[PDB]
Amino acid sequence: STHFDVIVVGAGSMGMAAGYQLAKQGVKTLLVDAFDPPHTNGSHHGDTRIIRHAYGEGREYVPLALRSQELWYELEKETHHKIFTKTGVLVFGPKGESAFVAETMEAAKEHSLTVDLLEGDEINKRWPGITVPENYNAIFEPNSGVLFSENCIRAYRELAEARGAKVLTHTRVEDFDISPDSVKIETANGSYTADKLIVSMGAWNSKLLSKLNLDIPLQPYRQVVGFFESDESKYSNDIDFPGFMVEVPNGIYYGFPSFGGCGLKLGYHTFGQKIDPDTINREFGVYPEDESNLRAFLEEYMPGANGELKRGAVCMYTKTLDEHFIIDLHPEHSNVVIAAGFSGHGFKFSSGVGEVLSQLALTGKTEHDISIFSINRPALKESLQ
């Protein structure tokens, strides 16, 4: 006997942001999560997340990145939790051999972003601790940085709850019942109804969207990161070592400077094990590649940051065929909003996405251009049962 204006299923990166946007507008919201966010079972732990504006995945993401950036600065002011540190983000790769670096450069020009262009020894000179070949070039973004992802979700949650949003934890939604004028969810702890539904279950979207008659390719991947003891006089945020996402012959890697001596953190972006979110092995180091793919990069490009492994984490990407997100209304139900397939690079946009999801749930439209994330785009290979 407790109807809600809006029900958000999956209160993680995207869901909690949306719940915050909804609650702030006096919209009676219920957020349901299988665990207790922030947690270490989804796609948002590992402490830090890079936010970039000049976007190598595609210049069309710049508007949402700039808006998310303004929203993170707003969040920083509203909570006691630390949200963002402006480390700047370095992107580099072999000259003329990286579509990623090239699009980052074009995105910067097209949106008049502030960036520094440098190459070869200039990179190694500017940042002691980085050793790239002379044929490498780079684009550094000084005003980009690092987000503390767990803190972000915790802040959004605390603020949304203070405004009246209810968060039902450790409750797995197992099925949905959608009608032309209402939505209903089913869980072992009871069922709930609302006028609108937002679906943002991360890796589990690949197993449960079928319950909404959707058939979209979504593949979860096991993606690890490691924190390594480093030469603090070189890799510390304190001496301005940047966050980074770079392309080398064998793939793309991303990392963060050491914060307060935690050690430089690194991840291998283009490779991960295909897995199922309910059977994934979340222990770091069980596959020899977990640690060796990271050191393979470090010994070659950041040799002073290749010491003892201090900590490891195991997390998940959920990829779509084109690696672009899905943010749109359910093709058959205008009262159901879907947010999925963030393909390993969506956290930085979570603030902006929560705003988008809130707009879609309340008005069936958004002021943002989200056409590139259409659930009906051909590259997605979407369908219904």
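Counting begins at 1, following the sequence as shown. In this text, the rigid core denotes the largest set of C-alpha atoms whose superposition between the two forms falls within 1.5 Å.
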Stretch with greater C-alpha deviation in 5 other deposited structures of this protein, 312-320 versus 50-58 (rigid core superposition) | 50-58
Given the B-factors recorded for C-alpha atoms, which segment has the greater mean, 305-313 or 145-153?
-> 305-313
Of 84-92 and 108-116, the one with larger mean CA B-factor = 108-116
Go through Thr171, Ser200, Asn237, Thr79 one by one and give the residue whose Cα B-factor in the PDB entry is largest.
-> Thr171
One of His45, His345, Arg67, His333 has the largest Cα B-factor in the entry, namely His333
Classify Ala138 as lowest, middle or highest third according to the C-alpha B-factor given in the PDB entry, relative to its own chain.
-> middle
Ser374's Cα B-factor: lowest, middle or highest third of the chain?
-> middle
Report the third (lowest, middle or highest) to which the CA temperature factor of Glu158 belongs, ranking only the modelled residues of the same chain.
-> lowest
Relative to the other modelled residues in the chain, which third contains the C-alpha temperature factor of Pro38: lowest, middle or highest?
-> middle
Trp204 - Cα temperature factor, lowest/middle/highest third of chain = middle
